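What follows draws every value from the coordinates through simple rules; no lab data is involved. Note: ideal-geometry Cβ built from the backbone for every residue, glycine included; neighbour counts use all protein chains shown.
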RNA sequence: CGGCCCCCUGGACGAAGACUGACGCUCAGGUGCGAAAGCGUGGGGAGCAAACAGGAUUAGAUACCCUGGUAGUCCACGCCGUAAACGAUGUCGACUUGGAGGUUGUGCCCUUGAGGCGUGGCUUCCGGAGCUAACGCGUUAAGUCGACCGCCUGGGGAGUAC
RNA sequence: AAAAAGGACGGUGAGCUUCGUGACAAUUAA
Ligand SMILES: [Mg+2]
Ligand SMILES: [Mg+2]
Ligand SMILES: [Mg+2]
Ligand SMILES: [Mg+2]
Ligand SMILES: [Mg+2]
Ligand SMILES: [Mg+2]
Ligand SMILES: [Mg+2]
Ligand SMILES: [Mg+2]
Ligand SMILES: [Mg+2]
Ligand SMILES: [Mg+2]
Ligand SMILES: [Mg+2]
Ligand SMILES: [Mg+2]
């Protein structure tokens, strides 16, 4: 069964990028919208939208630069079988700071830099490079 | 395969008609299969083998119509 | 394999109306009815393992729904088990 | 300057049977009629025009254009087009390595040029029969295939290809050396190696003449 | 410029063709073995010259001629189209037989032999059954005399499922 | 005469969308059993798998009732 | 698992909907099923056929071949729980261009037919990207991932000894 | 009562063993 919607999101992004898809459809959720909202400020995706009320659908517009996938790599860090929690001093650097780590802190979900500026740790959701 | 010779029918052509009727009925082939005994397992392989062979005939009955030889 | 009349009857006394065919109490009662019916069949034909696999499948399914029930609305469960001929 | 009407008459919109299509040709496929694909001309026309411009720009700077077509339906057509614009063409079998092994095929070109000269002067007197007939056949082969490239001299500046799938070998060598490729890509063709994709029919004498005429006009214009 | 959808809708109406339908080709070039014909399709067709030639084998077609040939494919032939004209001639034979059936037109053939219930007759390569007692008005006892002679015939029944043309002179 | 039984290999049964062939019916069935009483393979007769199973089932029932012979040998 | 028929009975799939409202996935130990051979008891016995006997072949022939032939193969009721028990690929879910065939549902359209356009289930063969040591696999993955379990760490000794 | 794309032809072998030990690999570039 489907037990980690976040990993499903990563596969949906990675497969659509590798397949040169213009857009990808998936079941929606607050956390998925929050991650997609975070993705907008760094330019990894073009735009996101939410349709439906009983069964919300999250729609992401993929991005390509020279016919090549914008998302080079994305991989899950904290997983249902193994939760990963990091203190603020130990926060990882994804793609030598060029990429971002989605961190769920006490003040909500933010990037590793946002957590570092705010001095907060949390759960490492994913690596994006 | 019961053949009855008609009037003004030469004997040789009646025999020739008899050869075909037995052949289309596969009498000779059937007896050959049943002369000795075959093992469940082996046969299955032979059948699948012949089936793959006929599938290749289909895949050769087309697509091969291209390229040159001389 | 239950007859149409038997399915229609069982829904009536266990459901609110004729269209409440999906409630957990109806599912357990429908399963229990078939377990009892197949018991006379399964005492004889002892080697009918293929049909016996089906019986254990409904038994397992009945176990999860009854366990699911007891978690919520405990009361409803006790009324169901007393009304039906099941020890547990 | 070619208009949508003229291309429609020539059958450019016609593709191949659905049994042979390549899914990478989906963006340029308008639809399928009677299990035959139809190329979306509304996308070809703007993009075809942009290619024609660049070809004029290349011809403006003394660029060398190499027309590639091997179908017997279009072999003579490509030949005539190149002759008109004093370009180069390969109507006979494409010999592997003209581009990657250019420094070796030059020797065969050199042999061809001497054979063209020394046979007109020499054979007339020193016939002997046998050797004369032998070298004559030799000449045939070479020219029939390499005749259009005897005076080409060096690496080309651009490739024009009909049926990118059939001449995939030529496109590979051009990609290796970084020479731009302009190819007519049908529904069964692979556009991955083509730098300037022209989705159109590659099997019709009518359509091929249209394409060749268009390209020939633009290059002469730049030259002048 | 007009939309592609409307343009292609136009093109198909002046063409009126389909694998089951008939096409109006234009002769392009006449070669020793094949003839190049354009029917508005995606590729020229090199149709063998004998298909255009009449039953006697004389070239009745010249460059630019319009020919009501039959369509075979569009790109089955290595990506090229094939065209048929002997099938169109075969269609001509079948339709004139149909006219002989309905409009009482005459179709000429040859009696090839005698069978249990009548005669086997030849109609331009087709097999026909001619009832023995319905051959002619006069009740001639010895009806064999008409075998092997060219005769007119009228179609009584046409069976495509057996290529059997039941005919009689009556 | 003009005996000619060209078979273009189509489904006679399909025409009429027979919901279930009938064993009782004999004439129809006979047109599909060889002289040696064997069942003709669908490769030669072209019938669909669905109707052949109905056909095979029906002929075997007819065979039991002795309406057609099992074999010509007797 | 393959003649036909009856009685009892399991599962799968599809159409239009309604109902319940996460009730789910996996599973150590545990339990059940589990080809053939074999074992126990009671039947049955044609054909075939371990063992065995004779005749051949060979230097020998405890074999291949020939003529015979017992257990067994069959039935009833128990036991054994092993197989190259193989797709040598554990189960479940999502995602990632296509083509042909087979089988089985179902919707619509001058039903116009020996038609056309869809939409489900299962299955076979070509193969793209990708993956792979390679062979190859390739929407039924051996591709990209997630959940859980079993299991491997040089050959032999040894799947053996206690 | 035909047109190859061929449906398939069964015709068949008696027996004819084993090659001592270690060593032909020998090299590489600036
Ligand atoms: Mg266990
Ligand atoms: Mg046993
Ligand atoms: Mg026993
Ligand atoms: Mg016994
Ligand atoms: Mg002995
Ligand atoms: Mg002994
Ligand atoms: Mg023996
Ligand atoms: Mg084991
Ligand atoms: Mg097995
Ligand atoms: Mg192994
Ligand atoms: Mg493959
Ligand atoms: Mg042991």
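A few comments on the model shown:
Residue-by-condition table, conditions (1) touching a helix residue (DSSP H, G or I) at 6+ places or on another chain (Cβ under 7 Å); (2) in a loop (DSSP other than H, G, I, E, B):
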{"site": "A:14", "(1), (2)": "no, no"}
{"site": "A:17", "(1), (2)": "no, no"}
{"site": "A:21", "(1), (2)": "no, yes"}
{"site": "A:50", "(1), (2)": "yes, no"}
{"site": "A:103", "(1), (2)": "yes, no"}
{"site": "A:114", "(1), (2)": "no, no"}
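- All conditions in (1) away from every other protein chain (no Cβ under 14 Å); (2) more than 15 Å from RNA strand G (Cβ to nearest atom) hold for residue B:38, with the sole exception of (2).
- Each residue in region B:17-70 was checked for being assigned to a loop (DSSP other than H, G, I, E, B) and more than 9 Å from RNA strand H (Cβ to nearest atom), and 13 pass.
- Pair list, Cβ < 6 Å and 6+ apart or interchain, from region A:94-120 residues that are in contact (Cβ under 8 Å) with a residue 40 or more places away in the chain to residues that are part of a loop (DSSP other than H, G, I, E, B): A:100/A:111
- The requirement of being more than 30 Å from residue F:74 (Cβ to Cβ), within 14 Å of chain F (Cβ to nearest Cβ) and within 16 Å of RNA strand G (Cβ to nearest atom) is satisfied by residue B:51.
- For region B:1-16, the tally of residues that are surrounded by fewer than 12 Cβ atoms within 10 Å (Cβ to Cβ), within 22 Å of the chain's Cα centre (by Cα) and not in a helix (DSSP H, G or I) stands at 1.
- Any pair with Cβ under 9 angstrom, 6 or more apart, that starts in region E:127-151 at a residue that is within 14 Å of chain F (Cβ to nearest Cβ) and ends at one that is within 16 Å of RNA strand G (Cβ to nearest atom): E:127/E:162; E:127/E:163; E:127/E:164; E:127/F:4; E:128/E:164; E:129/E:164
- From the options C:47, C:70, residue that is more than 16 Å from RNA strand H (Cβ to nearest atom), in a helix (DSSP H, G or I) and more than 14 Å from chain A (Cβ to nearest Cβ): C:70
- Helices (runs of 4 or more DSSP H) enclosed by chain F - at least 1 residues per element that are farther than 30 Å from residue E:121 by Cβ, within 14 Å of RNA strand G (Cβ to nearest atom) and within 13 Å of the chain's Cα centre (by Cα): F:42-45, F:49-64
- Exactly one residue out of C:15, C:22 is free of Cβ contacts under 8 Å to residues at least 40 places away in the same chain and out of contact with any helix residue (DSSP H, G or I) (no Cβ under 8 Å at 6 or more places or on another chain), and it is C:22.
- Residue check for residue E:120: free of Cβ contacts under 8 Å to residues at least 24 places away in the same chain, in a helix (DSSP H, G or I), at negative phi and in contact with a strand residue (DSSP E or B) (Cβ under 7 Å, 6 or more places away or on another chain): no
- For region A:22-43, taking the residues that are within 16 Å of RNA strand G (Cβ to nearest atom) and surrounded by 16 or more Cβ atoms within 10 Å (Cβ to Cβ), the one that is nearest to the other protein chains (Cβ to nearest Cβ) is identified as A:24.
- Unmet requirement for residue E:81, which otherwise passes all of (1) in contact with a helix residue (DSSP H, G or I) (Cβ under 9 Å, 6 or more places away or on another chain); (2) within 14 Å of another protein chain (Cβ to nearest Cβ); (3) closer than 30 Å to residue E:16 by Cα; (4) crowded, with 18+ Cβ neighbours inside 10 Å: (1)
- Residue count, region E:84-97 (criterion: in a helix (DSSP H, G or I) and either closer than 27 Å to residue D:208 by Cα or within 14 Å of chain D (Cβ to nearest Cβ) (or both)): 0
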